[PDB]
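Working notes for the structure below.
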Amino acid sequence: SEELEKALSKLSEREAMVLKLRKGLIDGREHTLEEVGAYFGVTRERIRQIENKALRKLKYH
Amino acid sequence: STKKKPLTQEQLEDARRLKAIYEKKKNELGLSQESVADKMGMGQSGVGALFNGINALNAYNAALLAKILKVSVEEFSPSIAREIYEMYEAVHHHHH
Amino acid sequence: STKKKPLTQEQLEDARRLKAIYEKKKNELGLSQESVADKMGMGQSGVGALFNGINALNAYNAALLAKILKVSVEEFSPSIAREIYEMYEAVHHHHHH
DNA sequence: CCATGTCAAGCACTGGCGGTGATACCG
DNA sequence: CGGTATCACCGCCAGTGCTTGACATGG
Ligand SMILES: [Ca+2]
């Protein structure tokens, strides 16, 4: 939870927010790339891009 | 606007050889332009610009790419390989 | 958007070590910032900037300096020399064709 | 079929690499 | 004077952030 929340603190709030939404942590649903896209005003591919960068970010430290 | 200046023919040949190695080995090495980029500290489009002869290789990126692809720099750019050798001569403390 | 980025502490040291090597050997080698710039294809403000810590060294200019000054790169920048050797491993390893 | 995810290529945009060059200053 | 110091100025492109078109696939 908090160890998680502070663990998602090395990324931009946007990268973090992309992950939380993908994993259902914000509202209970595991949103699709398109849904997160529409949230951020960009395509599903750019969300894919961001998510990957974020995962690689927390899997190196 | 203001299109990017074309690289030299030799640079373009370097890149074509680079990309061809990439295409030939990506499946077995399990790479994507994206995963390669990450190993290099950069983004996918940046690596792509290098593979497609749009952005110039430097010695650092060439070496990085050679290590990732498991080939010698000599396999895509002889001139960058010679440049690196030239620089290596300079770490040699030599005799008395 | 500052056009110039400041050097890290390590880059400043490399510069100091570089400069000191210039000061110590300029006489035996008949060098001036100016003559050194000429060997490197730049201007004397160019060299001054490298000797004074205004512009960071890169691998190529470090290798050149080392060759002009007759020392090995690692006598002024051990990190740049490490970078050089690592790059050369990529020329050595995994040959085919 | 096609929603979902993946890959590669193209382009507007910019940080900062990598210098330039008077000219004034030092020993 | 031979050298050095910095001011004082910046072109340019390598890499970014995003898109688009093609494509693979479990359901
Ligand atoms: Ca030059």
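Naming convention: chains lettered A, B, ... in sequence-line order (proteins, then strands); numbering from 1 in each chain. Because only heavy atoms are used, hydrogens play no part in the values below, and waters and symmetry mates are left out as well, while side chains stay in.
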Nucleic acid contacts of residues 24-32 of chain C, taken as heavy-atom distances under 4.0 Å to DNA chain E: C/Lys26, C/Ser32
Measuring to OP1 and OP2 of E/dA5, would you say a side-chain N or O of C/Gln33 lies under 4.0 angstrom away? yes
Check this one for me: any side-chain N or O of A/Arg48 less than 4.0 Å away from OP1 or OP2 of E/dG17? no
Go through DNA chain D in 5' to 3' direction and return only the first and the last nucleotide with some atom under 4.0 Å of chain A's heavy atoms. D/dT4 to D/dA8
Quick check on contacts: within residues 45-84 of chain B, what sits under 4.0 Å from DNA chain D by heavy-atom distance? B/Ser45, B/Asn52
Considering non-hydrogen atoms only, spot the tightest contact between B/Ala56 and B/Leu50 and give its length. O-CD2, 3.5 Å
With C/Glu28, which residues qualify under salt bridge (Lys or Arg N to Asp or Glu O under 4.0 Å), at least two apart? none
Quick one: ring pair (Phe, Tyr, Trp, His ring centres under 6.0 Å) pairs with a partner in residues 22-55 of chain B, sequence neighbours left out? B/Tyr22-B/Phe51
Residues in residues 29-41 of chain A with a heavy atom under 4.0 Å of DNA chain D, by number, are A/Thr32, A/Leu33
Before you tell me yes or no, could you show the steps for B/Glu34 and A/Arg56 under salt bridge (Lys or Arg N to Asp or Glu O under 4.0 Å), namely the whole-Å CA-CA distance, both residues' side-chain angles and the distance that decides it to 0.1 Å? CA-CA 11 Å; B/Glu34 189 179 19; A/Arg56 307 206 106 113; 5.7 Å; no
Mind checking what makes salt bridge (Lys or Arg N to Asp or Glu O under 4.0 Å) contact with B/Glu89, not counting sequence neighbours? C/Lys67
Sequence neighbours excluded - salt bridge (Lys or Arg N to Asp or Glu O under 4.0 Å) pairs with any residue from residues 38-53 of chain C: none
Per the salt bridge (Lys or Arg N to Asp or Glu O under 4.0 Å) rule, what does the pair list look like for residues 51-66 of chain B, sequence neighbours excluded? none
Suppose the criterion is salt bridge (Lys or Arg N to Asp or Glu O under 4.0 Å): which pairs have a residue in residues 49-64 of chain B, not counting sequence neighbours? none
Axis-to-axis angle between the two ends of the helix from D/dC1-E/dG27 to D/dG21-E/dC7 (five base pairs per end, rounded to 10 degrees): 0°
Every protein N/O lying under 3.5 Å from an N/O of nucleotides 23-27 of chain E:
none

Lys/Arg N to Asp/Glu carboxylate O, A/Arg48 vs A/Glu45, below 4.0 Å: yes
